[PDB]
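The chain below stands alone and is given as structure tokens, in the form deposited in one PDB entry.
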């Protein structure tokens, strides 16, 4: 009843070379050393890349796995060292189209921007036209509230309550959010993205995607919800494995309370991977308690995968798959085929 296997494509891993770039912090959290040992047993060479040195000397490389998200963000903020690292990486990539990059920098750049990510999700959803999926209205706000704010929100389908998030999707302060409940609450900061709050019975379904495989991990999440003051919170107090606070304590189950559909997750995963070219990412899905629809409220490059015990195996399987796809010239053409 598992019909997809990898034994045959794994045979081709012997002799392949995988470079990786990950922060020391992420290497520790993932225990990336254990993955590197797994690859050797299949006859792969794994090597940590040093982006301060020419990359040519470090190759040849068949695959590069990275999480350069934060370096890219710092390069965006004109950090000279980070700019140098990114340029050196890009130079290499450009010179070596045979090197498979997990994942392409254009996708990483999209995932660093909530406004861009949400618009991509919205368009993908409009293209799929599946009634089991809803795209919460959202918009980017680039000025402090004023006299026209209410009309602007209304015109774009924003309703109270809505959540305010930073436009930059990663790094310092990127997880500081606010829930705005009324007009008085509008003093809650550009550039931010506002997005309609969806009651979802305080259960978050983190879909952790590793190319062709995913694992759904339930997490705590904001409770259902008014002249009340806006709420300011930091999202790592909310939806981490051990998160526990009044913000996540559901008063009672209300409306539709169902687990996500694997059919739906599969179509979302395929569409996002095919459109963006990502493979190592997470989709945060909540179930709208008024419609039972799936709402994708966050998409993250190369997340923590806490609670995904099969990560290294899945990752090795994905590496085998991309090498197989490359070997047989399995290039996508045209638009995303639904």
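Numbering follows the first chain given and starts at 1. Rigid core: the largest C-alpha set superposing within 1.5 Å between the two forms.
As for the form deposited in another entry, it is not shown, yet the points below apply to it.
In a rigid core superposition between this form and the one not shown, 76 is the single residue of 267, 76, 130, 119 whose Cα is displaced by 2 Å or more. Relative to the superposed core, residue 158 shifts its CA atom by less than 2 Å between this form and the one not shown. Core-superposed comparison between this form and the one not shown: CA of residue 252 displaced by less than 2 Å. After superposition on the rigid core, displacement of the C-alpha of residue 85 between this form and the one not shown amounts to 2 Å or more.
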